[PDB]
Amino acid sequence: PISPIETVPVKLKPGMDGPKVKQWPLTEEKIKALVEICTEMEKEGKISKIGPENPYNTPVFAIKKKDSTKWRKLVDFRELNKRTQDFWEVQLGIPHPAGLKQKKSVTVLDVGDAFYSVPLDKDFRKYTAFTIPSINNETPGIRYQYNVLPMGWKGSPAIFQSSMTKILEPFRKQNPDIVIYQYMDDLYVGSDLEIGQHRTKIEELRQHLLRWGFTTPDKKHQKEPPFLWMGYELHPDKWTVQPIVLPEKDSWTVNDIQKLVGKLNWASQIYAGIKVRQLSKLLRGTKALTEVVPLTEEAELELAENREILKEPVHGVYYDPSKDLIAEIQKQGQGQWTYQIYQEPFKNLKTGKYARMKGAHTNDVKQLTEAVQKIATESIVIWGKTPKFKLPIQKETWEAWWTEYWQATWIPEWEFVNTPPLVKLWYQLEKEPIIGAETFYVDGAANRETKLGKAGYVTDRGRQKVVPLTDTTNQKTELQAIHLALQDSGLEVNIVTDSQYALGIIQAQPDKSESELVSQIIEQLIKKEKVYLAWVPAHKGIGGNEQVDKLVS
């Protein structure tokens, strides 16, 4: 059936015309699949024959469906899509089973031939011209245009989703206590009605859809748990992901490792503790998807750990609105974080991970804040509220961060949880100079065109140092100057630089960095006992700074 719903008017972009692209050759098994779909499609009014008056064409092909025996007709509308107007996509995200509530009665339905049940704007149909080849040599193919949404057109998903929403709107407003999760053409229908009354509403819903041209074949009508939905399995009390099969390989290509990492990210939504840092490192600096990449020892260990986790069966539970959401985060090392979201203990709604490296220089407290922000956003999306946090950072540590740090920062309601390793500041800078400690006037400079530079210091106790540097930058030399003072100084030291840059980095208390040189300084700062760091303007003859600026000349 073709929905009698109104067509959505659609345009080409201005000045643009339609596609004129030739059909490529196809197998005879695929030609026959298309002929049967097509001759049938013409009989249902899905397509119509066209003639030479229509100058456009676009290639067509066919893949198999997971309905193992059926075929999916696809058109390579890449060219038409470029010239088709932009759309505002109404699919804003993906529903998650952790956001579902426990329902007494559940049904999953899928609309048959969804796209082909929605008509296409009549003025636009001529641009969908295609041809079925039929073994190529003997005849010029038979030509058609679409009268309904094609699979492969940029606008078809949103127009279908919009049309489905309109069709469902009357039923939703008449049945506010029936949850309908509407994903493309797949309908999850939950209710707290008794099965008999529930199945009455289903029939009603299915009859309503049929009036609007949307069939609901029995083969796709799930009545009993476990329900297969969005790649999960819904039981009455719990849900699981459909099985995740990790690649097994003696020799790994770049593309294999990319596939493996993607699987593990997908698994991390319910399998706690997944890590992909070391496997993902292997993709750095590679140059082809087929380049063999040997697994490092750290990647093998990480893979082994992840396999042990994937071997243990897991399940998430459903959302209880009358209870608090609780998010708990653990630190895993090397900028990796994992979290669990629960309401009752040891009954996870879902898990996840945060491992992005934001910035060249950062610290654990910042990255914890980022994890918090990721979880908060995810929680708004799934449950419409943020959770209570349990974090492995002392209240004292946080208070020390957001008072000495110059940017506004914050975490919502959170509770300390002693789960080592704890998040902490790895050093602190004295806000007052330190009596008795040596004073270092540091400076470094490089010749902008030459690559050469000097780093050095002079000291109140009388010490003196210059270091030649090759292939550097202006900013590096300053960092080297700081590098030296920390290196040649006792556990207590006072330092004076004229690089707003270096002050900026170090004063942010980083504990990791993409720069090997900044990492060294971090190393040295952690070993120290007290450090006061101070700045002065360059080239204004200040005592100490001028002595060193001279010396580095």
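Position 1 is the first residue in the sequence shown; the rest follow in order.
*Asks:* Name the higher of the two by mean Cα B-factor in the PDB entry, 25-33 versus 44-52.
*Replies:* Per the PDB entry, the higher value belongs to 25-33.
*Asks:* Going by the B-factors listed in the PDB entry, is the mean over the C-alpha atoms higher for 454-462 or for 200-208?
*Replies:* Comparing 454-462 with 200-208, the higher mean C-alpha B-factor belongs to 454-462.
*Asks:* Tell me which of 113, 256, 432, 121 tops the list for C-alpha B factor in the record.
*Replies:* Comparing C-alpha B-factors across 113, 256, 432, 121, the maximum falls on 432.
*Asks:* Which of these has the highest Cα B-factor in the record: 318, 441, 354, 144?
*Replies:* Highest C-alpha B-factor among the listed options: 441.
*Asks:* Quick one: classify residue 270 as lowest, middle or highest third of the chain based on its Cα B-factor.
*Replies:* It belongs to the lowest third of the chain when residues are ordered by C-alpha B-factor.
*Asks:* Using the temperature factors of the C-alpha atoms in this entry, rank residue 473 within its chain: lowest, middle or highest third.
*Replies:* For residue 473, the deposited C-alpha B-factor lands in the highest third.
*Asks:* Within this chain's modelled residues, let me know which third the CA B factor of residue 9 belongs to: lowest, middle or highest.
*Replies:* Bottom third by C-alpha B-factor.
*Asks:* Lowest, middle or highest third of the chain for the C-alpha temperature factor of residue 363?
*Replies:* According to the entry, residue 363 has a C-alpha B-factor in the chain's lowest third.
*Asks:* Among the modelled residues of its chain, does the C-alpha B-factor of residue 401 lie in the lowest, middle or highest third?
*Replies:* For residue 401, whose C-alpha B-factor we compare with every modelled residue in the chain, the answer is the middle third.
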